[PDB]
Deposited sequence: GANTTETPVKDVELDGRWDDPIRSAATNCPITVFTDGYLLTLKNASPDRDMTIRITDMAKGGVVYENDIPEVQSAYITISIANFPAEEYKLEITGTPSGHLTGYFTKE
């Protein structure tokens, strides 16, 4: 099956945001689109951001991200909402 990327944090107002990876595609789903979002992925070796995307509310239900050309490394995944909401998970690209 696909691999769950567990998320921890606070997403005010069951968490509607879930993430999985299926091979080298990461999929985010949001069961209750209701705010603008930002997704940021940061490598854990240098703390460099490899991906950042500001996603308007209307487009926030579903996002795919190819991790296929990220270096083999562990990454921090953050999903933040405006004005609030902040979820964090971690995944490893092999």
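Comparing the deposited sequence with the modelled residues shows gaps at 1-7, 21-27, with numbering starting at 1.
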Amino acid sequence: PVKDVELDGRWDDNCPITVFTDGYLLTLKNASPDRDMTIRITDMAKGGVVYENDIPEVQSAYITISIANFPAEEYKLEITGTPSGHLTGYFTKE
From here on, numbers count along this sequence of modelled residues.
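Mean CA temperature factor is higher for 21-29 when stretches 66-74 and 21-29 are set side by side in the entry.
Annotation for residue 81: CA B-factor lies in the middle third of the chain's modelled residues. In the PDB entry, residue 42 places in the lowest third of its chain by CA B-factor. Ranked by Cα temperature factor within the chain, residue 52 sits in the lowest third according to the deposited record.
The PDB entry assigns residue 7 a C-alpha temperature factor belonging to the middle third of its chain's modelled residues.
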